[PDB]
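S.K.:
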Ligand SMILES: *[C@@H]1O[C@H](CO)[C@@H](O)[C@H](O)[C@H]1NC(C)=O
Ligand SMILES: *[C@@H]1O[C@H](CO)[C@@H](O)[C@H](O)[C@H]1NC(C)=O
Ligand SMILES: *[C@@H]1O[C@H](CO)[C@@H](O)[C@H](O)[C@H]1NC(C)=O
Ligand SMILES: *[C@@H]1O[C@H](CO)[C@@H](O)[C@H](O)[C@H]1NC(C)=O
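Chains as they are written, first to last, in this note's numbering: chain C, 113 to 333; chain P, 28 to 251; chain W, 28 to 251.
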């Protein structure tokens, strides 16, 4: 009879610019005619839930409920609760959810290794973000102000640092070719975190990053 | 009554050079006299186990059976299954664990990325990551050794292996190492070793230094 | 009657990833239908001993045999005996051979030695020597690789370990690499590896290129 809900993380809010609600009910016998209605703490109705789900094949029933609530009370601490009406229990079970240090992340960009440029077949550029709380952040890539497709980069799950008790680190690699890296392709990444007052921190790099921008010495035969 | 299965990963059989297969059982009554016996495909004698775990505060009992086999036994293809016979199980549960064959092997690509100059400006911390990519299958072991002698295991965290966006059968891993700013431009090797079951020697190592990025041909200095 | 045995050397265990000991019996005559097999301390059965060798034409008898022995079992200290049952000697001859424990080990130190300038001017052949010293015991496996690919066994030969006169309990071994000078101008990997028991990962990769021991030359000291 355990009911688990997935609160909308900051990564899913900044991406589509439209936060929603969704609660799931498991460990229940499969049945029919189950209505899921969301109820706020005050006691007013919400948007009409549509797009019902089905039952899991493993002799279990799953129910879903959608809503459309703007950012007016989520940041304050409003307790969202969905109501599930099942025939097995006489009294519907209600489960409430809420919003659980704010360290500013520091984005560091690392140039590709010299051993990889000799292959002249691929290039890896990372977007390192360390010291951020909480986890589940969103980092994307933009090229000359135009974001790239999500299929070209994968964001790893944040993990706690070994020495830092309350700071997390994230990684975001980008698989590109070596030929393009020599003709620009800055590949500026932006991290979306709620701890930053501006919530945006982006840095740009190019081929001439290690140069102190004072001298340019090469070798000519 | 549930029973789990944790096959011996490649990273767990390298730091100790001794394989150990254990099966986990959960949702059991808090009672003593627990007998967990292992067997082979045909049925042979195994080694006894001890150090029985305690019970959970929510009235849940758990146990683990320790076993020991050879190194080539796991790669031979022989399946193993632990037998748990308690005093309240109508039917003894069983789960088969083996090594799933039929996976392509690729040599991992190790590139020890040096820390950026912007991080060193603060002069308060330094992060050294070791990029590991192009390895298959998963469960790769990454270790840090400072001048031969290794460091504490609680000084580096290895990210979970995930498939590459552009490669359907390749994985990438990360492992950062936080050090002091004054400990970067000193030396101490700082070699990243990666253990994977794809190389002929199964062990590779890549090391850099403060002069790795320099062309080591000319020393141009600016004096104000 | 003299019965010999070849213990599995460390250079062969790491190469084939399988310990295969061979029992050789000499000082005999020409017969047929021999019966020789190995046994453990407990007295169990072993693998087959097929693939016999032909008798030498000099009226000398020779016998070979392979067996599958786990690496952990050999390192534990189990003694193996080669049972010899022949018509010439009806008495069962016992030949116990194992690994003598109780010897201190030292971490080998690899020092790459680039070729001298007296050879590059000839433009005939390039020789790369990988001197390894400070290791014990003997039977160390040293090979060469070319970007994750081992070279041919007929190209590089590892010299037999010899005792160091200054070191009371250490040994040194050499491994030359005779290659063409045309392919040595650029250099791809030119890495040297050593397989020793005292090493943590048992493999130490040391690479060398054209510009390895050459320091900076154009030390510019401009000031404005
Ligand atoms: C130095 O200048 C040349 C031509 O002015 C240019 O091609 C080269 O890229 C410069 N060096 C660097 C490191 O950008
Ligand atoms: C010197 O300047 C010329 C043109 O201004 C440029 O092509 C050349 O690369 C420069 N020298 C170096 C070492 O970059
Ligand atoms: C290179 O130049 C820097 C300039 O300060 C100096 O400190 C360093 O010792 C020089 N290195 C060599 C090998 O000459
Ligand atoms: C290289 O030049 C720098 C410039 O100050 C000097 O300090 C250093 O001693 C020089 N090194 C050598 C080996 O000449």
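Where is the CB? At the ideal position from N, CA and C, for every residue including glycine.
Any chance you could list the residues with Cβ under 6 angstroms from a heavy atom of ligand 4, keeping chain order?
M.R.: That gives P:246, P:248, W:246 and W:248.
S.K.: Are residue 73 of chain P and residue 64 of chain P close, meaning C-beta to C-beta below 8 angstroms?
M.R.: A contact, by the Cβ cut-off of 8 angstroms.
S.K.: Would you say residue 324 of chain C touches ligand 6, meaning its beta carbon is less than 7 angstroms from a heavy atom?
M.R.: This structure lacks ligand 6; the ligands present are ligand 1, ligand 2, ligand 3 and ligand 4.
S.K.: Are the beta-carbon atoms of residue 95 of chain W and residue 88 of chain W separated by less than 8 angstroms?
M.R.: No; because the gap between Cβ atoms is not below 8 angstroms, this pair is not in contact.
S.K.: Thinking residue 137 of chain W and residue 221 of chain W are a contact (beta carbons under 8 angstroms), I'd like their distance in whole angstroms, please.
M.R.: Yes, residue 137 of chain W and residue 221 of chain W are in contact; Cβ-Cβ is about 6 angstroms, under 8 angstroms.
S.K.: Residues in the segment 175–197 of chain P with C-beta within 8 angstroms of chain W's C-beta atoms, listed in sequence order?
M.R.: Listed by position along the chain: 175 and 177.
S.K.: Considering only the beta carbon of each residue, do residue 218 of chain W and residue 232 of chain W sit closer than 8 angstroms?
M.R.: Yes, the Cβ-Cβ distance between residue 218 of chain W and residue 232 of chain W is below 8 angstroms.
S.K.: Could you tell me which residues DSSP puts in a beta bridge with residue 198 of chain P?
M.R.: Bridge partners of residue 198 of chain P: P:162 and P:190.
S.K.: Quick check on DSSP: helix, strand or coil for residue 59 of chain P?
M.R.: If DSSP states are grouped into helix, strand and coil, residue 59 of chain P belongs with coil.
S.K.: Below 8 angstroms, how does it come out for the segment 121–130 of chain P and the segment 150–158 of chain P: are there three or more Cβ pairs, yes or no?
M.R.: Taking 8 angstroms as the limit for Cβ pairs, the verdict is that the segment 150–158 of chain P does not touch the segment 121–130 of chain P.
S.K.: Which two residues bound the contiguous alpha helix (DSSP H) that contains residue 144 of chain W?
M.R.: Segment 144–147, the alpha helix (DSSP H) holding residue 144 of chain W.
S.K.: Among residues of its own chain, excluding the 5 on either side of residue 294 of chain C, which ones have a beta-carbon nearer than 7 angstroms to its beta-carbon?
M.R.: Same-chain partners within the cutoff: 319.
S.K.: Taking Cβ positions only, does residue 283 of chain C come closer than 8 angstroms to chain P?
M.R.: It does: the Cβ of residue 283 of chain C has a partner Cβ on chain P nearer than 8 angstroms.
S.K.: Helix, strand or coil: how does DSSP classify residue 180 of chain P here?
M.R.: Of the three classes helix, strand and coil, the one that applies to residue 180 of chain P here is helix, per DSSP.
S.K.: Kindly confirm or deny that the segment 32–46 of chain W and the segment 98–106 of chain W touch, where touching means at least three C-beta pairs closer than 8 angstroms.
M.R.: The answer is yes - the segment 98–106 of chain W touches the segment 32–46 of chain W, with three or more Cβ pairs under 8 angstroms.
S.K.: Rounded to whole angstroms, what is the Cα-Cα separation between residue 49 of chain P and residue 55 of chain P?
M.R.: Using only the alpha carbons, I get a separation of about 17 angstroms.
S.K.: Which residues in the same chain have their Cβ closer than 8 angstroms to the Cβ of residue 243 of chain C, if we skip the five residues on either side of it in sequence?
M.R.: Closer than 8 angstroms at the Cβ level, and outside the excluded window around residue 243 of chain C, lie 215, 216, 217, 218, 273, 276, 279, 280 and 281.
S.K.: Nearest-angstrom Cα distance between residue 39 of chain P and residue 168 of chain P?
M.R.: Cα to Cα, the separation comes out at about 8 angstroms.
S.K.: Is the CB-CB distance between residue 266 of chain C and residue 251 of chain P below 8 angstroms?
M.R.: Not a contact, by the Cβ cut-off of 8 angstroms.
S.K.: Roughly how many whole angstroms lie between the Cα atoms of residue 113 of chain P and residue 165 of chain C?
M.R.: Taking the straight line from one Cα to the other gives about 40 angstroms.
S.K.: At the 8 angstroms Cβ level, is residue 232 of chain W part of the contact set with chain P, yes or no?
M.R.: Answer yes: the Cβ-Cβ gap between residue 232 of chain W and chain P drops below 8 angstroms somewhere.
S.K.: Less than 7 angstroms between the CB of residue 320 of chain C and some heavy atom of ligand 1, yes or no?
M.R.: Flag set: Cβ of residue 320 of chain C near ligand 1.
S.K.: Give me the Cα-Cα distance between residue 195 of chain C and residue 166 of chain P, rounded to the nearest whole angstrom.
M.R.: Those two C-alpha atoms are separated by around 42 angstroms.
S.K.: Does any residue of chain P bring its CB to less than 8 angstroms from the CB of residue 291 of chain C?
M.R.: Not an interface residue.
S.K.: Where does residue 249 of chain W sit, in a helix, a strand or coil, going by DSSP?
M.R.: In the structure shown, residue 249 of chain W sits in coil (DSSP, three-state: anything other than H, G, I, E or B).
S.K.: Taking all protein chains shown into account, do 16 or more other C-beta atoms lie within 10 angstroms of the C-beta of residue 230 of chain W, making it buried, or fewer, making it exposed?
M.R.: Buried, since its Cβ has 16 or more Cβ neighbours within 10 Å.
S.K.: List, in order along the chain, the chain P residues whose C-beta lies closer than 7 angstroms to that of residue 227 of chain C?
M.R.: In chain order: 138.
S.K.: Of all the alpha helix (DSSP H) runs that stay within the bounds of the segment 46–111 of chain P, which reach a length of 4 or more residues?
M.R.: List check, alpha helix (DSSP H) in window: 98–103.
S.K.: Any idea what DSSP makes of residue 314 of chain C, helix, strand or coil?
M.R.: Three-state DSSP puts residue 314 of chain C in a strand.
S.K.: Helix or strand or just coil, what does DSSP make of residue 253 of chain W?
M.R.: This structure cannot settle anything about residue 253 of chain W, because the visible part of chain W is limited to 28 through 251.
S.K.: For residue 189 of chain C, which residues in the same chain have their Cβ closer than 8 angstroms to its Cβ, ignoring the five residues on either side in sequence?
M.R.: Only 210 and 211 meet the Cβ criterion.
S.K.: Write down the C-beta distance between residue 201 of chain P and residue 283 of chain C rounded to the nearest angstrom, noting that I regard them as a contact closer than 8 angstroms.
M.R.: Residue 201 of chain P to residue 283 of chain C, Cβ: 5 angstroms. Contact.
S.K.: Along the chain, where does the beta strand (DSSP E) containing residue 171 of chain W start, and where does it finish?
M.R.: Start and end: 168–172.
S.K.: Across which residues does DSSP place residue 203 of chain P in a beta bridge pair?
M.R.: DSSP, once it has assigned bridges, lists P:156 and P:184 as partnering residue 203 of chain P.
S.K.: Answer yes or no: does any C-beta atom of chain W fall closer than 8 angstroms to that of residue 165 of chain P?
M.R.: By this cut-off, residue 165 of chain P is not an interface position.
S.K.: Do residue 249 of chain P and residue 331 of chain C come within 8 angstroms of each other at the CB atom, strictly closer than that value?
M.R.: Not closer than 8 angstroms, so no.
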